[PDB]
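First the structure, in the form of structure tokens, and then the observations on it.
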Amino acid sequence: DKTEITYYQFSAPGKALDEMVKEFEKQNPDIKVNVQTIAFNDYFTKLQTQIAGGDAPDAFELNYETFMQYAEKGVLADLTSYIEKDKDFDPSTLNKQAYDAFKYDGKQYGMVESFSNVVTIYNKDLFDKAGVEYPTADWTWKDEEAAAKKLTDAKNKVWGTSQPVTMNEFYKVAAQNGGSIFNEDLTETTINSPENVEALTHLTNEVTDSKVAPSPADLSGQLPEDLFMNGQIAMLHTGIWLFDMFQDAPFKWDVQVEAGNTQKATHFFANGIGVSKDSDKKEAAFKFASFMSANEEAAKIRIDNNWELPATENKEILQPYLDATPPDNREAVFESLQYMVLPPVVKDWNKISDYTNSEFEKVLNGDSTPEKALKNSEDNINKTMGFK
Ligand SMILES: OC[C@H]1O[C@@H]2OC[C@H]3O[C@H](O[C@@H]4[C@@H](O)[C@@H](OC[C@H]5O[C@H](O[C@H]([C@H]2O)[C@@H]1O)[C@H](O)[C@@H](O)[C@@H]5O)O[C@H](CO)[C@H]4O)[C@H](O)[C@@H](O)[C@@H]3O
């Protein structure tokens with residue numbers, strides 16, 4: 001008769017997701033979806049505990065960079081059969097990189113829900129007040145550093161820039177200097193290359209040296225997007241997932257393709273919905289995953305709410321996103337895809353990220369240096385992954 005499934009997720013706060021659930025329930029009168037939301041910072045720890053303790057959600061959200069951990073643990077249902085029998089589902093209409101993110105050992109273990117990237121988001125009022133020209137798509141690091149220096153006004157608690165100094169940010173920033181985290185087959189790390197020391201130093205000196213970016217102490221108890229909303233950051237490197245937050249920013253703002261150094265490199269992220277291997281309700285969970293992936297009404301809701309980008313590439317579905325404002329320069333989101341760098345795909349990503357993030361924080365707090373942080377991170381990766 002009636003089936004009630006659980007869906008565990010992070011990427012929605014609840015307007016858009018609630019409307020998608022309502023539409024799903026209308027179109028699938030025998031299936032009720034009970035949503036549990038966890039903040040991104042705690043989601044994966046919480047999810048793993050739920051699963052390992054024997055009460056996995058029927059369906060749950062995964063990001064690109066945690067997918068392999070789950071796929072390799074065996075907690076996801078193989079969706080091969082479900083997809084074969086979903087006769088009208090046509091994955092050739094989806095973004096291929098986003099769809100492929102949820103494949104493991106040649107099998108689809110998740111349905112792609114959304115994809116996204118990071119841009120430079122800038123406060124035009126601050127730029128105009130200082131007489132600084134806006135970011136361009138052909139800036140290099142030195143143009144943003146010079147802009148950031150002229151836009152910092154220490155007595156008024158205004159910083160020129162803010163960018164995460166984390167493993168997730170660093171695989172991109174390293175690539176902007178021709179560096180990388182792993183070799184092609186994931187058997188060695190080159191995280192401590194000289195170009196990577198320069199790349200990390202570019203980030204950490206903004207906090208510790210030129211003081212154009214707020215430090216951990218300055219951000220204590222808050223997040224950079226909160227300082228940005230408070231008029232205190234001229235340039236913020238963050239995702240398109242914050243465009244909804246920023247609609248009521250009390251200043252004019254716009255976006256630009258991020259600057260590189262030896263080359264451009266931009267983030268590419270994707271979320272997918274997996275079905276628990278142990279669920280008794282896999283058909284219903286799959287129908288919800290499939291809806292979220294490819295249903296046109298879901299895609300239109302997503303677009304209307306600026307909630308990342310839908311998996312579908314259809315131009316009529318995407319047009320309202322290009323026409324929506326703020327920000328005006330919506331084309332920067334799509335221009336950035338030319339320079340994308342995919343997340344490394346390794347089962348220990350979150351664990352190695354935690355260690356590296358602690359090392360990077362120590363540089364920002366004046367307890368370490370970029371070279372020591374990268375040496376320590378190389379050692380920890382080698383031990384964790386057994387590299388020869
Ligand atoms: O749960 C909603 C939303 O939370 C997070 O967004 C806020 C977060 O953004 C910036 O940090 C991110 C960092 O968390 C990491 O993000 C990768 C992740 O981004 C999206 O998920 C966001 C969270 O980031 C989530 O939807 C995307 O949907 C997901 O697929 C990706 O895995 O890494 C990026 C790059 O370094 C970073 O921008 C911001 O710095 C931070 O302060 C803010 O709290």
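Counting starts at 1 for both ligands and their atoms, following the listed order. Residue indices begin at 1 and follow the sequence shown. Every heavy atom of this structure was used, including side-chain atoms; hydrogens, water molecules and symmetry mates were not.
Within ligand 1, counting atoms from 1 as listed, the ones closer than 4.0 Å to a heavy atom of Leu223 are 44 (O).
At least one side-chain heavy atom of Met385 sits less than 4.5 Å from a side-chain heavy atom of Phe182. Side-chain contact between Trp349 and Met167 is present, with heavy atoms from C-beta onward closer than 4.5 Å. Side-chain contact between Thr204 and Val165: present, with at least one pair of heavy atoms (C-beta onward) separated by less than 4.5 Å.
The shortest N/O to N/O separation between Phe10 and ligand 1 falls below 3.5 Å.
Protein heavy atom nearest atom 36 (O) of ligand 1, with residue, atom name and distance: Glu169 OE1, 2.6 Å. Protein heavy atom at the shortest distance from atom 42 (O) of ligand 1 is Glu225 OE1, 2.7 Å. The protein heavy atom nearest to atom 27 (C) of ligand 1 is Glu308 OE2, 3.5 Å. Of the protein's heavy atoms, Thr238 OG1, 3.7 Å lies nearest to atom 10 (C) of ligand 1. For atom 15 (C) of ligand 1, the nearest non-hydrogen atom of the protein is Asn168 ND2, 3.6 Å. The nearest protein atom to atom 40 (O) of ligand 1, hydrogens excluded, is given as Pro164 CG, 3.5 Å; this is a heavy-atom distance. For atom 30 (O) of ligand 1, the closest non-hydrogen atom on the protein side is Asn271 OD1, 2.7 Å. Annotation: atom 12 (C) of ligand 1 to nearest protein heavy atom, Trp241 CZ2, 3.9 Å.
Using a 4.0 Å cut-off between heavy atoms, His267 contacts ligand 1 through its side chain alone, with no backbone atom that close. The proximity of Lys172 to ligand 1, defined as any non-hydrogen pair under 4.0 Å, does not occur for either the backbone or the side chain. The proximity of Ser11 to ligand 1, defined as any non-hydrogen pair under 4.0 Å, involves the side chain as well as the backbone.
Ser215 and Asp218 share a side-chain donor-acceptor pair at under 3.5 Å.
Within the 4.0 Å cut-off (strictly below), a protein heavy atom is located near atom 24 (O) of ligand 1.
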